[PDB]
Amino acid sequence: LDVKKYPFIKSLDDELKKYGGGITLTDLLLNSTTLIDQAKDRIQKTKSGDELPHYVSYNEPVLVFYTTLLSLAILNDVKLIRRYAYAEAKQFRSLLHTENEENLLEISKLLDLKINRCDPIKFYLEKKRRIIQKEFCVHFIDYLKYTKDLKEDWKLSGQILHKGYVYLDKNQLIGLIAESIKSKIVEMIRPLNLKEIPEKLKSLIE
């Protein structure tokens, strides 16, 4: 599980322990002239509609991730915070489609998505003319909760339920993680209005 591709593995107060101790993120941003520019580079690329680059392109991927969440918590634009969570979680969808089945469950556990493996259920379909195989099970009560803000394809009718567990495949497990990343980023910005940042750092991101 690469930390360079998934910066949300390391916590903000865990990456800072490389710099000895006490050096908070506010200390680096006041001295670093380019960390703020890398965060604004992602914010201004969501407004135009272009893609967001993978976090393997930065030298400090964990810091760029948290300074972008902090810069959005200073702009206070709800329509922009929402627009970022879609483009950000969409950037991870491509990195998730090239991941093994063991690391996909390692992420869903860190997102508190109660999803485990099970005996694979195979069945045939006429419209697809393939052999479908479901090998991930999620409880239907948790399934209705995860697909709360999704399309009609995620409705309970077009799924395979058995003893109260919805059976998912590989592309559906990725579909629930992308919706969970979009959800956590929305949650992770609400309690960021707490720490009174030095008023000079507020004017730098504005």
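Residues carry their position along the shown sequence, with the first being 1.
Asks: Per the entry, where is the mean C-alpha temperature factor higher: 30-38 or 141-149?
Replies: The stretch with the larger average C-alpha B-factor is 30-38.
Asks: Do the C-alpha atoms of 88-96 or of 127-135 have the higher average B factor in the entry?
Replies: Comparing averages over the C-alpha atoms only gives 127-135.
Asks: Where does the C-alpha B-factor of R82 rank in its chain, lowest, middle or highest third?
Replies: As the PDB entry reports it, the C-alpha B-factor of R82 lands in the middle third of its chain.
Asks: Would you check the entry's CA temperature factor for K182 and let me know if it's in the chain's lowest, middle or highest third?
Replies: As the PDB entry reports it, the C-alpha B-factor of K182 lands in the lowest third of its chain.
Asks: Would you check the entry's CA temperature factor for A73 and let me know if it's in the chain's lowest, middle or highest third?
Replies: Highest third, going by the recorded CA B-factors of the chain.
Asks: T46's Cα B-factor: lowest, middle or highest third of the chain?
Replies: Ranked within chain, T46 CA B lands in the highest tercile.
Asks: What third of the chain does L192 rank in for C-alpha temperature factor, lowest, middle or highest?
Replies: Ranked within chain, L192 CA B lands in the highest tercile.
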